[PDB]
Structures are given as C-alpha cells and as structure tokens.
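# Architecture and fold: a report
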Amino acid sequence: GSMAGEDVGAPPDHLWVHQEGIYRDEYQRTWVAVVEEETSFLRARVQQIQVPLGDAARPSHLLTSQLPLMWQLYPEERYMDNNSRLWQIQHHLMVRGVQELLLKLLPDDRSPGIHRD
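Residues numbered from 1 in each chain as written, not as in the entry; some residues may be left out. Heavy atoms only, no water.

If you check the header, you'll see the entry was determined by solution NMR.

What follows is the structure, given as structure tokens:
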C-alpha cells in the first residue's frame, strides 16, 4: 500500500549507429553508445538523450571498431548485432530522465553442452 514508482518502458528493440558512440532507436530515439573497453571485455554504454545527429559515417567503427552497425534485442536479455556477435545487456534503466543501456560483448559465449545426461 505504498505504490512504487515505475521502471523504464521498453528498451530499443533495435539500434542503428549513425554517429560515433551514437545509435538510433526504432521510435526516433537517439542513443549515445559510450564504448568503454572493459578490463577484459567490451562495454558499450548506450545512453538515451536528445542530440542532433551530425555526420553519418563510420568513425566509431574506424576508430573503436567494436560496436556493431545495428543491434537486435534478442530473447532472454541480450542484444544480437548483425556482424556476428551477441551483446549482453549489462544493465538497462533510467536516470535523470535518461535511459542508460549497458551492452556487454563477449567472445561468443562458449557453446553450451549437455553435461551429464
């Protein structure tokens, strides 16, 4: 009988990198992917904010060359690129009226095998 707040509505089922460290949602929502190389992994902090899309090349891919040209929200709780990798949604929430989606890329999670039966 308190009535908790409310969590984000829904993440970007898909993202389209238009600017270095930026991505476009499927609802005209710009994102800011802050490629943050992990100690031993890849993290692309996608922050949702209102910013004008400047250029439209592949500077981030040329510079960083980590984030895909498009993400595809897959089942479970991860984002599947179009290159040939699956990024794990490290965390997705909203802060200061901004949606910060954390994407973690791994070296193709070792194929699962039926261990014992």
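### Overview of the nonpolar core
The tendency in soluble globular proteins is for nonpolar side chains to be buried side by side. By size, the foremost hydrophobic cluster in this structure holds 16 residues, and its most contacted members are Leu15, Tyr23, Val46, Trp71, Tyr79, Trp87 and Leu103. Apart from the residues lying within four places of it in its own chain, the contact partners of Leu15 are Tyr23, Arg24, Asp25, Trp31, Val46, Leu69, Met70, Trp71, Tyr79 and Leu103. (Core = buried A, V, L, I, M, F, W, Y, C linked by side-chain atoms within 4.5 Å. Buried < 20%, exposed > 50% of the residue type's maximum accessible area, 1.4 Å probe, protein only. Contact = heavy atoms within 4.5 Å.)

### Some details on the pairing of strand β4 (residues 42-48)
Extensive coverage of β4 is indicated by the burial of 6 of its 7 residues. As paired strands, strand β3 (residues 30-35) and β4 are joined by 5 bridges and run antiparallel to one another. In the sheet register, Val34 faces β4, and the bridge partner there is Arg45. The sheet contact formed by β4 and strand β8 (residues 98-105) spans 6 bridges and is antiparallel. Within β8, the position partnered with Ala44 by the bridge is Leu103. (Helix = DSSP H or I, 4+ residues; strand = E, 2+ residues; numbered from the N terminus. Pairing = 2+ DSSP bridges.)

### So, unusual backbone geometry
The backbone phi angle of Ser65 is positive, close to 65°, even though this residue is not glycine. Along the polypeptide, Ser65 turns up in the loop between α1 (59-63) and β5 (70-73). Unusually for a residue other than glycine, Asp108 sits at a positive phi of about 40°. In this structure, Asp108 sits in the segment after β8. Classification of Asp108 as exposed rests on a relative accessible area of 62%.

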